[PDB]
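Structure record follows, encoded as structure tokens.
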Amino acid sequence: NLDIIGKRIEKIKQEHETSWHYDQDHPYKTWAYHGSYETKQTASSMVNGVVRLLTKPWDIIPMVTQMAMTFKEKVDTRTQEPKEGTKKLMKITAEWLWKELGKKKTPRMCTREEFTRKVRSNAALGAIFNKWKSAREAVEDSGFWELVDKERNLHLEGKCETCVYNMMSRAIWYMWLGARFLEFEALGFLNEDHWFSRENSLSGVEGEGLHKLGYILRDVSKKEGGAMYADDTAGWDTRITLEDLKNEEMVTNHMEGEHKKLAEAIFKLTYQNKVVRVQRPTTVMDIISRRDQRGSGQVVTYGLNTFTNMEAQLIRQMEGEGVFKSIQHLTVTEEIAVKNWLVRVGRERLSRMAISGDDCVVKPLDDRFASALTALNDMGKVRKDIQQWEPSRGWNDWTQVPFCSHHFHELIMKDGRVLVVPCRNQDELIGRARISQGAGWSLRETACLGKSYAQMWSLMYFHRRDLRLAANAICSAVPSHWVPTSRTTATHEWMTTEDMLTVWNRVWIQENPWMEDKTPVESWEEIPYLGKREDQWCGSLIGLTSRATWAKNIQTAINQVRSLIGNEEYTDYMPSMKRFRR
Ligand SMILES: CC(C)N1CCN(C(=O)c2cccs2)CC1
Ligand SMILES: [Zn+2]
Ligand SMILES: [Zn+2]
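Whatever position you read off the sequence shown (first residue = 1), add 550 for the numbering used here.
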């Protein structure tokens, strides 16, 4: 408690000495409350006019139009201390998992230089506005780095002054850039050096890409075993226990010198003790604390989520195989059994899973996994939308399994080669492309974001008739040489001015380890679609009058957008499709 957070608390109290008040009508039960002070402020979602003008039939589909309009009772919940047997299973598994992840990797500090280049090419390192305008500016001013230095020497003493969270099934905890640097310095290696790559972690998919995920699920399906299980957790970040945060901190056991102490301080002072400021309309800024739950940068959150999910799913697999009998208490011979299971089959059991942060697919040895619920419930990883003790409903066909908001189709090319393609409800794809984030967008920037969506569709969703047509229309309506843009940056091969057929060939043929025959595709007409009925099942408008008029008259929509943008160099991409090729 207050010895570790007090300094952070004391500092904030004094910047607002003409405001501090210990409110007695504060809503917090599970968060420790400290005080309040005076503020007054709030960013909603704008429509992309380039995409909307070129998707007119969807103007009357509520699933699309409703996406552009507009539970904090979950962050104010408490997770119970796991039983002693559960805690022993987690500590043993965590120790073993960090060793396996560390066998072919070296922990190392990330640098000012690496951090500087990141901010100058835009990731989403959730920072704040205020002393400097953007992150871009703060990074060149050596004053900033003196601020960073002061804090860094404080962390080496085992104390913290400025590492405070700012709140805003989505609650996002922004920190000041300096605190984000110190997090990146100590823990950025997990992401930067690909600790959760499939090659290194066996369960992970970090850096894999939406064109690989389907092939990976199909490889899991080839394993002997039962159904494929894909149970979502109800609010994963809110169910991270102090026991989880301590098993995550054991990565420091693999570190040395300065790095080890710097990483130790992030875990001790910012993760296992937290200070947060929250808006409240009744507008006072509330200063609250708690030890548990997930609040890190979104990128470190991804890696530690993947780690703890890998651990939880190996333990659920142990329970199904009867490796331990009760969570209440692990016997001595049960520890040697768990240890020997990990040594003997640990890597094989990791290869049975695909895990992306809080999202998982598991193909266990058999269906006893379905009713192996005691450790999973006791770790606080309670399944979403099923009763606590009801057995999991698994999937018999890898093509129906949900993963990373997608399902995957097996699609045979006219030449016999096999594509495993990503897919989701087409209303969701069109509805997202029609939305832009933030304000001050020029017409050119709006057009370049439309082009980014269009190129993603050509590359990932070419097999959907409506998206290949709309992608070609958007790429025809935006000047040929204008560069696709985005304000936050799965591998993004569509972010390029290269010809999309050349990128398709590189991604689906040349670089595709599941494709033996490397014969390049010479035209878009070689590249197949889903069956017509499968396309409709996944949300296609083919066979509607609205869609037929849209397709037939597409050049008129293209010309509307070209007239708005003005006299620029445009390419006609519609003759890449059979029906427009005269
Ligand atoms: C059974 C149902 C899915 N329909 C089959 C016939 N049909 C077409 O042939 C096409 C029209 C426009 C492009 S393809 C529309 C869809
Ligand atoms: Zn700090
Ligand atoms: Zn589909």
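From the three backbone atoms N, C-alpha and C, an ideal C-beta is built for every residue, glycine too.
Sequence-distant partners of residue 718 (beyond 5 residues in either direction) whose C-beta falls short of 7 angstroms from its own C-beta, in its chain, are 724.
Annotated as distal: residue 745 and residue 864, with beta-carbon spacing of 9 angstroms or more.
Between the region 729-742 and the region 927-937, the count of C-beta pairs closer than 8 angstroms stays below three; the two stretches do not touch. Rounded to the nearest whole angstrom, the C-alpha separation of residue 827 and residue 1094 is 51 angstroms.
With a cut-off of 8 angstroms, the C-beta of residue 729 is classified as near ligand 2, since at least one heavy atom of the ligand falls inside that distance. Annotation: residue 1120 to residue 1131 spans about 18 angstroms, alpha carbon to alpha carbon. Taking all protein chains shown into account, residue 788 has 16 or more neighbouring C-beta atoms within 10 Å of its C-beta and is therefore buried.
Under DSSP, residue 910 takes part in a beta bridge, and its partners are 905.
For ligand 2, a non-hydrogen atom lies closer than 8 angstroms to the CB of residue 710. Boundaries for residue 959: no alpha helix (DSSP H) harbours it, while the beta strand (DSSP E) harbouring it runs 957-962, taken from the DSSP string.
Between the region 795-812 and the region 681-689 there are fewer than three C-beta pairs closer than 8 angstroms, too few to call the two in contact.
Excluding sequence positions up to five before and after residue 853, its CB lies within less than 7 angstroms of the CB of 740, 741, 745, 746, all in the same chain and listed in chain order. The C-alpha of residue 948 lies about 16 angstroms from the C-alpha of residue 915. Per DSSP, reduced to three states, the secondary structure at residue 933 is strand. DSSP assignment within the region 624-667 yields the following whole alpha helix (DSSP H) runs of 4 residues or more, N-terminal first: 634-652. Residue 774 and residue 934 have their C-alpha atoms spaced approximately 27 angstroms apart. Those residues having their beta-carbon less than 6 angstroms away from any non-hydrogen atom of ligand 3 are, in chain order, 957, 959, 973, 1088. For residue 900, the enclosing alpha helix (DSSP H) stretches over residues 882-900. Counting only the Cα atoms, residue 877 lies some 14 angstroms from residue 883. For residue 836, DSSP records a beta bridge to 586, 828. Only residues of its own chain outside the window of five on either side were considered, and among them 713 have a CB closer than 6 angstroms to the CB of residue 820, listed in chain order.
Any heavy atom of ligand 1 within less than 5 angstroms of a residue's beta carbon puts that residue on the list, which reads 1082, 1083, 1086, 1092, 1093. Relative to ligand 2, the beta carbon of residue 701 is positioned inside 8 angstroms of a heavy atom. Here the C-alpha atom of residue 580 lies approximately 35 angstroms from the C-alpha atom of residue 755. Going by DSSP, residue 968 is part of the beta strand (DSSP E) stretching over 968-973. In this structure residue 600 does not touch residue 981 by the C-beta definition: roughly 15 angstroms separates them, more than the 8 angstroms allowed.
In this structure, the straight-line span from the alpha carbon of residue 922 to that of residue 943 is close to 12 angstroms. Distance from residue 1053 to residue 1047 at the Cβ level is roughly 10 angstroms; contact not present, criterion being Cβ atoms closer than 8 angstroms. Residue 559 sits in a helix when the DSSP states are folded into three classes. Annotation for residue 596: the continuous beta strand (DSSP E) segment containing it runs 595-597. Residue 987 is bridged by DSSP to 595. Here residue 1013 is near residue 1079, since their CB atoms are less than 9 angstroms apart. The region 973-980 makes no contact with the region 1062-1070: fewer than 3 CB pairs, one atom from each, lie closer than 8 angstroms. In the structure shown, residue 761 falls within a helical segment according to DSSP collapsed to helix, strand and coil.
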